[PDB]
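Below is one structure, written out as structure tokens, with a few remarks after it.
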Amino acid sequence: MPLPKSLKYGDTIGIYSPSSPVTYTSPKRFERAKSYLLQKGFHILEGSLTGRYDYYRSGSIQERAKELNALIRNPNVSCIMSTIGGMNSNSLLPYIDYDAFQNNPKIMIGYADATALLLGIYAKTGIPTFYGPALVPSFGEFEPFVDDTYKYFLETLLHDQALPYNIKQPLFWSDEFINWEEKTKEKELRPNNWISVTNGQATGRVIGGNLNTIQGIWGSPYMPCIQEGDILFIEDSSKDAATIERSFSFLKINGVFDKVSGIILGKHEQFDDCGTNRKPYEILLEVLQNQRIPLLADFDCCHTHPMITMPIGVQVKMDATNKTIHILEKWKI
Amino acid sequence: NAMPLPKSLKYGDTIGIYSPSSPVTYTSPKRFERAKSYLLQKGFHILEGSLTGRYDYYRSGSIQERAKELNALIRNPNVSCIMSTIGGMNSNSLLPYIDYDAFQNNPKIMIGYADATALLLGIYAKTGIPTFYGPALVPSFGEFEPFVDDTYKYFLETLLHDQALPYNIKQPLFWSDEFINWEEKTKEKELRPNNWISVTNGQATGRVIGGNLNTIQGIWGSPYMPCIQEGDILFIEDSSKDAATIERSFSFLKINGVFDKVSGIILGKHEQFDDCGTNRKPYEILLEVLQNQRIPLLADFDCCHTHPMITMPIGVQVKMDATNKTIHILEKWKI
Ligand SMILES: Nc1ncnc2c1ncn2[C@@H]1O[C@H](COP(=O)(O)O)[C@@H](O)[C@H]1O
Ligand SMILES: Nc1ncnc2c1ncn2[C@@H]1O[C@H](COP(=O)(O)O)[C@@H](O)[C@H]1O
């Protein structure tokens with residue numbers, strides 16, 4: 001497994017907008033996010049589409065691919081981070097310079113729609129990528145949560161890590177819908193718990209990301225093939241019960257649950273239960289139909305705050321019963 | 001090497017109805033009753049599925065209940081046609097539990113659209129029997145005059161009447177995607193002069209495969225999605241999405257190499273499309289995704305959520321002429 005170099009203070013983080021033009025539509029949170037990382041001691045290299053607006057997206061398919069490729073090809077950039085998600089990252093996949101990435105591996109990080117690029121790069125190059133902070137939603141967050149997200153960010157990308165790296169459960173979380181551009185209030189601290197939905201243990205390569213986004217790359221050369229023993233990691237956000245039942249069944253009929261040895265389900269930001277008062281793992285439970293797969297839910301790697309940074313494509317040990325996650329193989333130098 | 005085809009619909013036949021997703025018979029009782037009465041006055045009998053009237057919020061019932069409802073119709077010898085009441089999100093849940101052996105033992109006309117695409121394509125993939133992208137009971141036959149009469153005409157001409165081949169699918173003269181007159185009629189829908197669009201000139205002949213594109217992403221890669229083969233004609237439609245969503249869906253097809261295989265594309269109208277302020281039409285977004293690849297493309301085809309609705313067989317040879325805006329079915333889809 002070829003690995004990216006650890007982040008170091010003084011390094012340059014290159015940012016790009018593969019989908020929504022957030023640097024145009026949310027300039028205050030964008031500037032706040034840049035300033036936050038600059039103060040920590042990282043430089044920011046703004047991609048070529050920063051500040052541009054093409055309505056639902058930052059620019060054309062070709063322009064977006066060029067923005068990302070310029071960062072991949074830049075030897076001065078140690079980390080490539082999406083500004084935010086959207087719907088349209090998968091449009092870039094045919095045009096990405098995977099050979100340039102494989103020849104000099106970098107840290108590739110982000111979440112939600114950026115899953116298309118995280119998984120595509122992993123599928124094409126075999127280099128682990130990272131489900132974690134996007135610049136504007138994650139680092140543009142006000143105190144206190146941004147500081148917890150940052151701690152996880154350093155733990156995975158910067159710290160010399162004694163293995164196994166036990167991913168520690170944050171004490172509090174929030175999916176509260178406020179304080180986007182300007183801080184009007186204080187976010188309620190939700191006491192936190194991971195859920196032991198189905199007891200057991202699994203070890204294998206972790207694969208996954210945003211499930212809604214995965215259905216946009218499924219079956220293509222850019223979706224890594226799920227293998228027997230893999231641990232499936234999935235999260236969704238701001239969907240309703242109908243939508244996630246379809247996504248869960250999509251996995252079911254593709255025979256994914258006949259393959260994976262365990263499941264980690266993220267919290268679901270602003271979930272719409274359609275009046276059923278059922279939680280997402282419950283809907284997943286119906287789809288599974290009493291197939292015993294260890295299942296740990298409400299994992300904090302998703303649209304809720306704070307956010308863990310998770311390596312994708314490396315061996316992991318999940319213990320749903322004892323509610324632990326350990327990274328058992330090196331994801332960086 | 002010929003194939004099993006469902007028997008043609010005939011007057012007095014029983015149409016079994018089921019709700020594979022949304023509980024529309026509970027939430028829209030006026031349009032449900034009106035749709036049923038429309039088909040009854042035409043001389044058809046209706047067999048209500050076991051989940052009729054029931055309400056489980058976003059769905060008609062549990063996964064097992066819904067598979068049971070549909071399988072009861074499939075295993076019933078007196079049902080000649082199985083029609084969904086309406087779509088939703090959750091038809092794909094049923095796929096592992098459907099009795100495909102029973103269906104293939106006594107093939108029926110399977111018809112519906114939107115979310116029901118999961119089942120139409122699932123059954124075709126498993127049994128090789130053509131299925132039909134066409135009316136669902138409540139949205140299609142619950143429609144007030146005049147449009148319901150056009151939808152019925154195409155339904156009949158395709159499923160009941162004897163048809164010589166090639167069979168010309170005629171362009172409706174008027175259409176509407178107006179969001180009104182659901183339960184009660186408060187005004188007349190605008191009769192919009194209709195046109196199919198020649199987006200990219202040319203002709204294609206091949207097996208037509210497709211349906212609701214959003215729903216196809218829920219069965220993709222599974223045993224229930226028929227494999228797209230070289231030469232196929234891709235038929236796709238979506239409804240009530242925005243530009244961002246359909247770019248994702250078009251790129252999904254692109255990165256799966258679908259456009260490297262198909263000989264042509266038929267794109268349905270897009271009911272209540274949200275262009276996100278771009279003023280772009282769905283086919284212009286598709287064309288960007290296609291980049292420098294040239295593919296004959298006929299758009300605004302009337303087999304989708306707009307009214308009236310054409311009934312289209314899936315899995316049979318078709319000729320599309322995008323230049324002259326014609327579609328012909330070249331192969332028997334029924335007996
Ligand atoms: N106006 C807003 N108010 C509150 N939260 C927002 C707003 N716009 C975007 N967000 C959040 O920003 C994040 C963007 O996620 P994604 O767009 O899927 O990459 C989600 O957590 C959204 O809830
Ligand atoms: N309240 C409503 N008013 C008008 N049209 C509706 C309403 N509810 C549903 N419809 C129509 O019914 C269709 C249902 O299709 P689907 O849910 O996609 O299978 C929608 O796309 C609309 O065209």
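Naming works like this for the structure tokens: A, B, ... for the chains as they're shown, residue 1 at the start of each chain, ligands 1 onward in shown order.
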| request: Compute the set of chain A residues within 10 Å of chain B, using only C-alpha atoms, and express it as a VMD selection string. | output: chain A and resid 19 to 20 54 to 57 60 to 62 86 to 94 212 to 222 240 to 256 273 to 276 286 to 287 289
Enumerate residues in contact with ligand 2: an atom-to-atom distance of at most 6 Å, counting only C-alpha atoms and all ligand atoms. Format the result as an mmCIF file with N, CA, C and O atoms, in the first residue's frame.
```cif
data_model
loop_
_atom_site.group_PDB
_atom_site.id
_atom_site.type_symbol
_atom_site.label_atom_id
_atom_site.label_comp_id
_atom_site.auth_asym_id
_atom_site.auth_seq_id
_atom_site.Cartn_x
_atom_site.Cartn_y
_atom_site.Cartn_z
ATOM 1 N N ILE B 86 -49.339 3.693 -7.349
ATOM 2 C CA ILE B 86 -48.491 4.871 -7.425
ATOM 3 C C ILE B 86 -47.074 4.472 -7.043
ATOM 4 O O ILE B 86 -46.846 3.378 -6.526
ATOM 5 N N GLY B 87 -46.119 5.354 -7.304
ATOM 6 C CA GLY B 87 -44.735 5.075 -6.982
ATOM 7 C C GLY B 87 -44.370 5.462 -5.567
ATOM 8 O O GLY B 87 -45.166 5.313 -4.635
ATOM 9 N N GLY B 88 -43.154 5.975 -5.417
ATOM 10 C CA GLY B 88 -42.607 6.322 -4.121
ATOM 11 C C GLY B 88 -41.099 6.175 -4.158
ATOM 12 O O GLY B 88 -40.449 6.576 -5.128
ATOM 13 N N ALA B 114 -42.325 5.403 -12.628
ATOM 14 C CA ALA B 114 -41.620 6.007 -11.508
ATOM 15 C C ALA B 114 -40.933 4.932 -10.667
ATOM 16 O O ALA B 114 -40.174 4.126 -11.189
ATOM 17 N N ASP B 115 -41.194 4.921 -9.365
ATOM 18 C CA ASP B 115 -40.535 3.984 -8.464
ATOM 19 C C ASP B 115 -40.756 2.526 -8.873
ATOM 20 O O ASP B 115 -39.922 1.665 -8.601
ATOM 21 N N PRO B 139 -52.277 8.150 -10.232
ATOM 22 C CA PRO B 139 -51.869 9.345 -10.984
ATOM 23 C C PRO B 139 -52.380 9.367 -12.426
ATOM 24 O O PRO B 139 -52.786 10.415 -12.920
ATOM 25 N N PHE B 179 -49.323 21.297 -11.598
ATOM 26 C CA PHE B 179 -49.473 20.726 -10.263
ATOM 27 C C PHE B 179 -50.785 21.195 -9.625
ATOM 28 O O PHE B 179 -50.797 22.107 -8.790
ATOM 29 N N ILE B 180 -51.887 20.569 -10.045
ATOM 30 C CA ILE B 180 -53.240 20.965 -9.642
ATOM 31 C C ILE B 180 -54.216 19.820 -9.905
ATOM 32 O O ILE B 180 -53.838 18.797 -10.478
ATOM 33 N N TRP B 182 -55.541 17.496 -8.147
ATOM 34 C CA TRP B 182 -55.183 16.180 -7.641
ATOM 35 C C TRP B 182 -56.426 15.466 -7.114
ATOM 36 O O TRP B 182 -56.890 14.505 -7.722
ATOM 37 N N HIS B 305 -43.839 11.492 -16.106
ATOM 38 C CA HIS B 305 -44.813 11.984 -15.126
ATOM 39 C C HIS B 305 -45.787 13.016 -15.685
ATOM 40 O O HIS B 305 -46.793 13.316 -15.052
#
```
| said: If I take CA of residue 184 in chain A and atom 6 (C, counted along the ligand's line) of ligand 1, how far is one from the other in Å, to one decimal? | reply: 13.7 Å
| message | Please find the residues contacting ligand 1 at a distance of at most 9 Å between atoms, with only C-alpha atoms and all ligand atoms counted, and report them as a PyMOL selection string. | response | chain A and resi 19-20+22+26+82-87+110-114+134+136-138+175-181+236-238+269-270+302-305
Considering only strand (DSSP E or B) as DSSP defines it on the backbone, what residues of range 31-75 of chain A qualify? List them as a PDB file with N, CA, C and O atoms, in the first residue's frame.
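Heads up, here's the output in out_38.pdb:
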```
ATOM      1  N   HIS A  43      -0.878  26.816   5.579  1.00  0.00           N
ATOM      2  CA  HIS A  43      -1.168  27.703   4.462  1.00  0.00           C
ATOM      3  C   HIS A  43      -2.361  27.166   3.686  1.00  0.00           C
ATOM      4  O   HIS A  43      -2.619  25.970   3.698  1.00  0.00           O
ATOM      5  N   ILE A  44      -3.090  28.056   3.024  1.00  0.00           N
ATOM      6  CA  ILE A  44      -4.213  27.657   2.179  1.00  0.00           C
ATOM      7  C   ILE A  44      -3.965  28.122   0.752  1.00  0.00           C
ATOM      8  O   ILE A  44      -3.765  29.313   0.506  1.00  0.00           O
ATOM      9  N   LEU A  45      -3.967  27.179  -0.185  1.00  0.00           N
ATOM     10  CA  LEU A  45      -3.891  27.511  -1.603  1.00  0.00           C
ATOM     11  C   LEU A  45      -5.280  27.375  -2.206  1.00  0.00           C
ATOM     12  O   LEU A  45      -5.800  26.270  -2.325  1.00  0.00           O
ATOM     13  N   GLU A  46      -5.878  28.505  -2.569  1.00  0.00           N
ATOM     14  CA  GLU A  46      -7.228  28.526  -3.125  1.00  0.00           C
ATOM     15  C   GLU A  46      -7.235  28.051  -4.572  1.00  0.00           C
ATOM     16  O   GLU A  46      -6.521  28.590  -5.418  1.00  0.00           O
ATOM     17  N   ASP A  54     -21.612  29.263 -10.546  1.00  0.00           N
ATOM     18  CA  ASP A  54     -22.425  28.767 -11.657  1.00  0.00           C
ATOM     19  C   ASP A  54     -23.686  28.136 -11.088  1.00  0.00           C
ATOM     20  O   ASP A  54     -24.028  26.996 -11.394  1.00  0.00           O
ATOM     21  N   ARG A  57     -23.535  24.911  -8.994  1.00  0.00           N
ATOM     22  CA  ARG A  57     -22.161  24.418  -8.977  1.00  0.00           C
ATOM     23  C   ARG A  57     -21.137  25.538  -9.156  1.00  0.00           C
ATOM     24  O   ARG A  57     -21.488  26.671  -9.475  1.00  0.00           O
TER      25      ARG A  57
END
```
| Near residue 171 in chain B, counting only C-alpha atoms, which residues have an atom at most 9 Å away, once you skip same-chain residues fewer than 2 positions from it, shown as a ChimeraX atom specification? | /B:169,173-174,194-196,301-302,310,325-326
Put those residues in a file: C-alpha atoms, as a PDB file, in the first residue's frame.
```
ATOM      1  CA  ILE B 169     -45.978   5.514 -31.285  1.00  0.00           C
ATOM      2  CA  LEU B 173     -51.062  16.752 -29.537  1.00  0.00           C
ATOM      3  CA  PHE B 174     -51.240  18.342 -26.089  1.00  0.00           C
ATOM      4  CA  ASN B 194     -46.786  19.338 -27.879  1.00  0.00           C
ATOM      5  CA  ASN B 195     -43.467  18.656 -29.586  1.00  0.00           C
ATOM      6  CA  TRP B 196     -40.751  16.050 -29.327  1.00  0.00           C
ATOM      7  CA  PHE B 301     -40.896  12.000 -24.966  1.00  0.00           C
ATOM      8  CA  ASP B 302     -44.357  11.600 -23.402  1.00  0.00           C
ATOM      9  CA  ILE B 310     -47.742   6.721 -23.440  1.00  0.00           C
ATOM     10  CA  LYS B 325     -38.914  12.470 -34.317  1.00  0.00           C
ATOM     11  CA  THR B 326     -40.510   9.034 -34.653  1.00  0.00           C
TER      12      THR B 326
END
```
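Here CA of residue 18 in chain B stands at a distance of 29.7 Å from CA of residue 188 in chain B.
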| said: DSSP on the backbone, alpha helix (DSSP H) only: what residues of range 165-250 of chain B does that give? Format it as a VMD selection string. | reply: chain B and resid 213 to 216 243 to 250
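Distance annotation: of A:171, A:33, A:123, A:116, the residue with the minimal separation from residue 224 in chain A is A:123; atom set is only C-alpha atoms.
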| query | range 3-12 of chain B: which residues within 10 Å, counting only C-alpha atoms, same-chain residues fewer than 6 positions away excluded, as a ChimeraX atom specification? | reply | /B:40,42-46,80-81,104-110,127-131,155-156,158-162,332-335
Could the residues in this selection be saved with C-alpha atoms as an mmCIF file, in the first residue's frame?
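Result went into again18.cif, see below:
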```cif
data_model
loop_
_atom_site.group_PDB
_atom_site.id
_atom_site.type_symbol
_atom_site.label_atom_id
_atom_site.label_comp_id
_atom_site.auth_asym_id
_atom_site.auth_seq_id
_atom_site.Cartn_x
_atom_site.Cartn_y
_atom_site.Cartn_z
ATOM 1 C CA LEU B 40 -64.727 0.060 -14.382
ATOM 2 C CA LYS B 42 -64.477 0.793 -19.604
ATOM 3 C CA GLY B 43 -65.450 -2.752 -18.639
ATOM 4 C CA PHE B 44 -62.473 -3.908 -16.594
ATOM 5 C CA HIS B 45 -62.650 -5.508 -13.153
ATOM 6 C CA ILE B 46 -60.328 -4.342 -10.381
ATOM 7 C CA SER B 80 -54.402 -10.499 -16.465
ATOM 8 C CA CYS B 81 -52.702 -7.240 -15.492
ATOM 9 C CA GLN B 104 -42.943 -16.819 -15.351
ATOM 10 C CA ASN B 105 -45.330 -19.768 -14.940
ATOM 11 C CA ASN B 106 -48.246 -17.457 -15.694
ATOM 12 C CA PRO B 107 -46.939 -14.250 -17.318
ATOM 13 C CA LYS B 108 -49.067 -11.137 -16.896
ATOM 14 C CA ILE B 109 -48.979 -7.559 -18.123
ATOM 15 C CA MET B 110 -46.910 -5.729 -15.516
ATOM 16 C CA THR B 127 -37.908 -13.778 -16.340
ATOM 17 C CA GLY B 128 -37.076 -12.222 -19.718
ATOM 18 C CA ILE B 129 -40.727 -11.183 -20.059
ATOM 19 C CA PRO B 130 -41.239 -7.647 -21.346
ATOM 20 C CA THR B 131 -42.842 -5.261 -18.873
ATOM 21 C CA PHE B 155 -53.024 2.067 -22.956
ATOM 22 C CA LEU B 156 -55.633 0.282 -25.083
ATOM 23 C CA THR B 158 -50.801 -0.916 -26.924
ATOM 24 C CA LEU B 159 -52.166 -3.582 -24.552
ATOM 25 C CA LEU B 160 -55.528 -4.589 -26.009
ATOM 26 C CA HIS B 161 -55.809 -3.826 -29.734
ATOM 27 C CA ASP B 162 -54.084 -6.005 -32.300
ATOM 28 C CA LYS B 332 -44.197 -8.359 -30.492
ATOM 29 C CA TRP B 333 -44.683 -7.462 -26.824
ATOM 30 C CA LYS B 334 -47.908 -9.396 -26.296
ATOM 31 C CA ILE B 335 -50.117 -12.117 -27.763
#
```
| field | A:35, A:129, A:17, A:149 ranked by distance to residue 69 in chain A, top pick (using only C-alpha atoms) | value | A:17
| said: Can you tell me which residues surround residue 233 in chain B at a distance of at most 6 Å, considering only C-alpha atoms, apart from same-chain residues fewer than 2 positions away, and format the answer as a VMD selection string? | reply: chain B and resid 206 to 208 262 to 265
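The two atoms in question, CA of residue 100 in chain A and CA of residue 310 in chain A, are spaced 23.6 Å apart.
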| For residue 312 in chain B: contacts at 8 Å, only C-alpha atoms, fewer than 3 positions along chain excluded, given as a PyMOL selection string | chain B and resi 132-134+158+303
Could the residues in this selection be saved with C-alpha atoms as an mmCIF file, in the first residue's frame?
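What follows is the written file again-v5.cif:
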```cif
data_model
loop_
_atom_site.group_PDB
_atom_site.id
_atom_site.type_symbol
_atom_site.label_atom_id
_atom_site.label_comp_id
_atom_site.auth_asym_id
_atom_site.auth_seq_id
_atom_site.Cartn_x
_atom_site.Cartn_y
_atom_site.Cartn_z
ATOM 1 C CA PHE B 132 -44.471 -1.900 -19.467
ATOM 2 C CA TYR B 133 -43.549 1.636 -18.541
ATOM 3 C CA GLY B 134 -46.997 3.142 -18.391
ATOM 4 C CA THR B 158 -50.801 -0.916 -26.924
ATOM 5 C CA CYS B 303 -43.637 8.472 -21.354
#
```
Contacts of residue 319 in chain A at 7 Å (only C-alpha atoms; same-chain gap of 4+ positions) as a CSV table (one decimal) with N, CA, C and O atoms, in the first residue's frame:
```
chain,number,residue,atom,x,y,z
A,200,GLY,N,-21.2,-8.0,18.3
A,200,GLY,CA,-20.2,-8.8,17.6
A,200,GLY,C,-19.0,-8.1,17.3
A,200,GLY,O,-18.8,-6.9,17.8
A,201,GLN,N,-18.1,-8.7,16.6
A,201,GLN,CA,-16.8,-8.2,16.2
A,201,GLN,C,-16.5,-8.5,14.8
A,201,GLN,O,-16.9,-9.5,14.3
A,202,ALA,N,-15.8,-7.5,14.1
A,202,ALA,CA,-15.4,-7.7,12.8
A,202,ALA,C,-14.1,-7.1,12.5
A,202,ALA,O,-13.8,-6.1,13.1
A,323,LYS,N,-18.3,-1.4,21.5
A,323,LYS,CA,-18.4,0.0,21.0
A,323,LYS,C,-17.0,0.6,20.7
A,323,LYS,O,-16.8,1.7,21.2
A,324,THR,N,-16.2,0.0,20.0
A,324,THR,CA,-14.8,0.5,19.7
A,324,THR,C,-14.5,0.4,18.3
A,324,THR,O,-15.0,-0.4,17.6
A,325,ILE,N,-13.6,1.3,17.8
A,325,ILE,CA,-13.1,1.2,16.5
A,325,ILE,C,-11.6,1.4,16.6
A,325,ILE,O,-11.1,2.4,17.2
```
